[PDB]
Amino acid sequence: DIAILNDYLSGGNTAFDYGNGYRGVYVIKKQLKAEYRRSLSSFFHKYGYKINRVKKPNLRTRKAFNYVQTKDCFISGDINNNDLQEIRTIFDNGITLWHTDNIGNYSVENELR
Amino acid sequence: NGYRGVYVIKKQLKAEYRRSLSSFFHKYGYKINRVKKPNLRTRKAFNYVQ
Amino acid sequence: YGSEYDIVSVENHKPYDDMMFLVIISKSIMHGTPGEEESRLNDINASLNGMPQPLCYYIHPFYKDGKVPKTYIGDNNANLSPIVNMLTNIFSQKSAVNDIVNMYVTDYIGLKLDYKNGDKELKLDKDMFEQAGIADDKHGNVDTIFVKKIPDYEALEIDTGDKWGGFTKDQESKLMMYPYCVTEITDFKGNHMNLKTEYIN
Amino acid sequence: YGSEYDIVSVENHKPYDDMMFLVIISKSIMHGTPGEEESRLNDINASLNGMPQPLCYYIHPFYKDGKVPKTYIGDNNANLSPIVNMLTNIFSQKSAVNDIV
Amino acid sequence: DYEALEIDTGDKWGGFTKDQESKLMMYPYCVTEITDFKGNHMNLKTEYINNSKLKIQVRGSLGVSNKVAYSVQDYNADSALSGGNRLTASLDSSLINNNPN
């Protein structure tokens, strides 16, 4: 509101806002600090993302390596049951499958296949 | 009573906790939570690695 | 992911860019208009303005340096008064002031306008607006705009572009998601909301 | 790290250091100025002040001991009244006071 | 137009005791507070002031009542963010005094 100069005259600061240039709407984009970007990005690079889906696992979808960790995984095959049980345990514990000969070199991009 | 303008007040933890935490960091370094190659020989006398 | 965000992009959008409107509300008609054969001064005049409503509305576009856009109503130049001189003159007119019940400024009046910000030129529908001459023959004349009717309001769209523009693109796309990134919209007047950018459809 | 902080540094900063302003707002012009062609007393005077606005603004810089800075407007000394005397005098003038909002 | 006035308070780490362990300079172990001692105050995590110095921007007005804002535009500013954008964005986290006085 602006003051009305009549006999009745004698709230809020419209001048402060307008005079300091605040009008309309503002879009402010915000992102986590470099320290945490480094932390989290390096972790996702090595261990992928939390998934929480029942599905067939991504075994060979990246160029250099795939991390796989299941829970109660289902695996079948014409294999003695002792070895099948050991294999299921391996994936339930988490394993990195390497598709390159440079095993262990995490500096690579590991882009999608 | 002299209050005008703006004031900058700097605050820090008490000596008791400074002693506690600094002695701990001295021996065990900092929490890092990064995937990277470890700092094995970056300090003059010793490096803690976990 | 830490305790604070970096601010990485800041942008301002105004509905009519540099133009704002002064709104003057009175209990009765304060103006004459070219060609009218009889005076309507002090007449009650209800109208459709969003809804049927009993007050008289006047509007005046202006810029921060006090200039006003060249404004046409239909084919006629409305010859708008510069805003500062107009405030002086309107409040100097005893008849005008005693009838005025509110005055405020607003960034948007509920209409998309035929407006060229660069040229500082405004064209208004003659069925909705008319030239308003407010004068008392002692103080300065006021040339402004009377609102005859605004039956419906409408939305104006502001396109800010690619919603991911401005964020640093991490190799790990999940770090583009909330809570790692957020888009905030604010007027810096106390109203603000956080948007999870990924959920802007 | 404990329950309380020690305060280790305290510093005060003011926009104009020792100076502040008294602001007086009136509905119309209360003053004359040297050289003016005609009196403007009691005239409405809108102006740009942050935004276009209809009131008259007067300001008076002052210090806590009641002194005021030597103030020039362009090349002319404004000869400012000391602030205590000014308050006494402004409120003694009924023409002035009745217009102050 | 109104304009911002900058107050340079100097080295932002000035006043803190410097520990052998630099992490004890970080929040929550240390904090910078800005206050007017009139009810307005904010805590700044010193490490996130994007500047070697703590600078405060003062904004104000000459309107119908007192209103003065104290900002730290460098707080949480990305290094590439311009001074103008910093000042703009800083208002939602400023000390704003609107005591009538």
Side-chain angles (χ1 to χ4, degrees), chain B, chain D residues 1-26 30 48-51 53 55-73 77-91 96-97 100-101:
Chain B
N1 283 288
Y3 286 93
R4 293 188 43 232
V6 67
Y7 297 78
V8 183
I9 314 299
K10 297 182 184 194
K11 302 175 177 179
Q12 59 187 32
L13 78 180
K14 305 287 186 178
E16 176 183 13
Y17 292 93
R18 173 183 307 281
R19 270 190 291 280
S20 170
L21 297 173
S22 59
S23 70
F24 185 81
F25 297 150
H26 184 73
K27 181 162 181 174
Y28 295 113
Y30 301 157
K31 260 186 204 170
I32 303 303
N33 293 347
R34 272 180 72 188
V35 173
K36 58 183 287 288
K37 296 187 184 183
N39 291 348
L40 303 176
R41 196 180 184 267
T42 55
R43 301 300 194 82
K44 179 196 187 176
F46 61 93
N47 279 88
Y48 182 72
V49 185
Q50 184 196 327
Chain D
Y1 48 96
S3 65
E4 301 289 332
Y5 292 112
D6 277 334
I7 299 153
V8 67
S9 177
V10 175
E11 63 187 295
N12 182 211
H13 304 274
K14 299 146 288 193
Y16 309 131
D17 292 323
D18 300 323
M19 175 175 68
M20 54 211 304
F21 284 88
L22 174 70
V23 178
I24 300 178
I25 307 177
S26 67
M30 308 188 281
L48 300 180
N49 184 353
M51 61 186 301
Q53 67 79 40
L55 299 175
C56 293
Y57 281 79
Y58 298 83
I59 59 176
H60 209 87
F62 71 93
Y63 301 113
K64 73 186 186 64
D65 63 350
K67 291 177 172 330
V68 303
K70 181 165 49 72
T71 300
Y72 294 87
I73 298 175
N77 190 327
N79 308 305
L80 299 185
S81 310
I83 188 84
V84 168
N85 280 344
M86 187 192 166
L87 288 175
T88 295
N89 293 338
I90 195 75
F91 282 131
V97 296
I100 291 169
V101 59

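All heavy atoms count here, side chains included; hydrogens, waters and symmetry mates do not. Chain A is the first sequence line, chain B the second, and so forth, proteins listed ahead of strands; every chain is numbered from 1.
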K.L.:
Hey, what do you get for CG (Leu22(D)) to CG (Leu87(D)), rounding to the nearest 0.5 Å?
P.N.:
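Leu22(D) atom CG to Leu87(D) atom CG measures 6.0 Å (nearest 0.5 Å).
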K.L.:
Of all residues at least two apart in sequence or in a different chain, which pass the side chain to side chain donor-acceptor pair (under 3.5 Å) check with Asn89(D)?
P.N.:
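Residues passing side chain to side chain donor-acceptor pair (under 3.5 Å) with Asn89(D): none at all.
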K.L.:
Applying a heavy-atom distance below 4.5 Å, give me the residues of residues 2-20 of chain B that approach chain D, sorted by number.
P.N.:
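Against chain D, the residues of residues 2-20 of chain B that fall inside the cut-off (heavy atoms, under 4.5 Å) are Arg4(B), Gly5(B), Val6(B), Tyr7(B), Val8(B), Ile9(B), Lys10(B), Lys11(B), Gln12(B), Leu13(B), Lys14(B), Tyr17(B).
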K.L.:
Hey, are the side chains of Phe62(D) and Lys67(D) touching, using non-hydrogen atoms and a 4.5 Å cut-off?
P.N.:
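In short, these two side chains do not touch, never coming nearer than 4.5 Å.
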K.L.:
Hey, is the main chain of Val8(D) close enough, under 3.5 Å, to the side chain of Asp6(D) for a donor-acceptor pair?
P.N.:
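Not confirmed, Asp6(D) side chain does not pair with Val8(D) backbone.
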K.L.:
Test of understanding: with ring pair (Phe, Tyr, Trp, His ring centres under 6.0 Å), list the residues that count as partners of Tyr57(D), not counting sequence neighbours.
P.N.:
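Per chain and number, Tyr57(D) pairs via ring pair (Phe, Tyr, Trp, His ring centres under 6.0 Å) with no residue.
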K.L.:
Got a list of side-chain donor-acceptor pairs under 3.5 Å for residues 32-41 of chain B, not counting sequence neighbours?
P.N.:
from: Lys36(B); atom 1: NZ; to: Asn39(B); atom 2: OD1; distance (Å): 3.4

